[PDB]
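Data first, discussion second: the structure below is written as structure tokens.
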Amino acid sequence: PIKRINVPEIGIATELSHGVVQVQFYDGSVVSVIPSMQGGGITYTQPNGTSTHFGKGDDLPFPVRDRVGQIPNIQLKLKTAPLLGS
């Protein structure tokens with residue numbers, strides 16, 4: 001964990017060392033992506049705990065699309081947080 005910020009109504013966003021941005025939504029769902037990587041893929045965990053990986057060519061169902069769409073705004077917010085430990 002390099003950075004972490006709570007974003008009201010949305011969730012808790014964490015930037016990880018490996019370049020992964022993870023958002024734990026307040027409904028219990030989770031999405032994780034690699035924004036710097038053109039071939040990265042997406043991991044999505046349902047509230048119920050079922051998790052699925054989607055490779056860059058894979059069709060994304062609505063719930064995945066919609067959560068991955070939260071990421072750019074979340075990256076802007078992560079930029080404004082200091083580093084963990086600072």
Side-chain angles (χ1 to χ4, degrees):
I2 294 320
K3 290 191 176 188
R4 185 186 294 115
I5 188 157
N6 295 266
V7 181
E9 300 299 284
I10 308 306
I12 300 168
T14 302
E15 179 176 328
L16 304 168
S17 54
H18 41 297
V20 162
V21 166
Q22 174 188 97
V23 176
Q24 291 167 287
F25 301 94
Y26 289 124
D27 73 342
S29 74
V30 189
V31 77
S32 297
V33 301
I34 300 154
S36 62
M37 275 184 32
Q38 187 177 48
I42 293 164
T43 296
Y44 163 64
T45 299
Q46 303 185 37
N48 73 3
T50 301
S51 85
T52 304
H53 178 70
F54 295 89
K56 185 67 59 152
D58 289 344
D59 289 339
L60 299 180
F62 172 74
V64 177
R65 237 149 51 214
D66 195 77
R67 290 165 170 76
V68 164
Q70 299 277 9
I71 295 293
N73 172 64
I74 286 293
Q75 290 171 278
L76 298 180
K77 282 160 178 59
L78 282 161
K79 267 146 222 163
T80 74
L83 294 152
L84 295 169
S86 76

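FYI, side chains are in, hydrogens and waters are out, and symmetry mates aren't considered; it's all heavy atoms of this structure. By convention here, the first residue in the shown sequence is residue 1.
With rounding to the nearest 0.5 angstrom, the CD atom of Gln22 is 9.0 Å from the CZ atom of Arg4. Put simply, OG on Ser36 and NE2 on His18 are 11.0 Å apart, with the number rounded to the nearest 0.5 Å. Here the CG-CG distance, from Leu60 to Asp66, works out to 11.5 Å after rounding to the nearest 0.5 Å. Atom-to-atom distance recorded for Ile5:CD1 and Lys79:NZ is 12.0 Å, nearest 0.5 angstrom.
Two residues are said to be in side-chain contact when any heavy atoms from C-beta on lie closer than 4.5 Å; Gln70 and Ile10 meet this criterion. Between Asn6 and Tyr26 the shortest side-chain heavy-atom distance falls below 4.5 Å. Here the side chains of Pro1 and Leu16 are in contact, with some heavy-atom distance below 4.5 Å.
Closest heavy-atom contact between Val7 and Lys77: CG1-CD, 3.8 Å. In plain terms, the two heavy atoms of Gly19 and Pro35 that are nearest each other are O-CD, 3.5 Å. Of all the heavy atoms in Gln38 and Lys56, the pair that sits closest is O-CE, 3.4 Å. Counting all heavy atoms, side chain and backbone alike, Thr80 lies closest to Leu76 at CG2-O, 3.4 Å.
Cation-pi check for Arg67 over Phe25 is met; the charged atom lies under 6.0 angstrom from the ring centroid and within 45 degrees of its normal.
Under the 4.5 angstrom side-chain criterion for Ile, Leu, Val, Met, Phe, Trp and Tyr, the cluster partners of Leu83 are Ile2.
No more than 12 heavy-atom neighbours from other residues, nucleotides or ligands sit within 6.0 angstrom of CG on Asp59.
The backbone N or O of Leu78 lies less than 3.5 Å from a partner atom in the side chain of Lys3, making a donor-acceptor pair.
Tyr44 and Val23 fall within a single hydrophobic cluster, where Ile, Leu, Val, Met, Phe, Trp and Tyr are joined by side-chain heavy atoms under 4.5 Å apart, directly or via other members. Hydrophobic clustering of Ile, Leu, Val, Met, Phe, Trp and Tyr side chains at less than 4.5 Å, counting indirect connections, keeps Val30 apart from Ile42.
A side chain to side chain contact (heavy atoms under 4.5 Å, CB included) with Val20 is found for one member of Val33, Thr43, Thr14, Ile34 and no other, namely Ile34.
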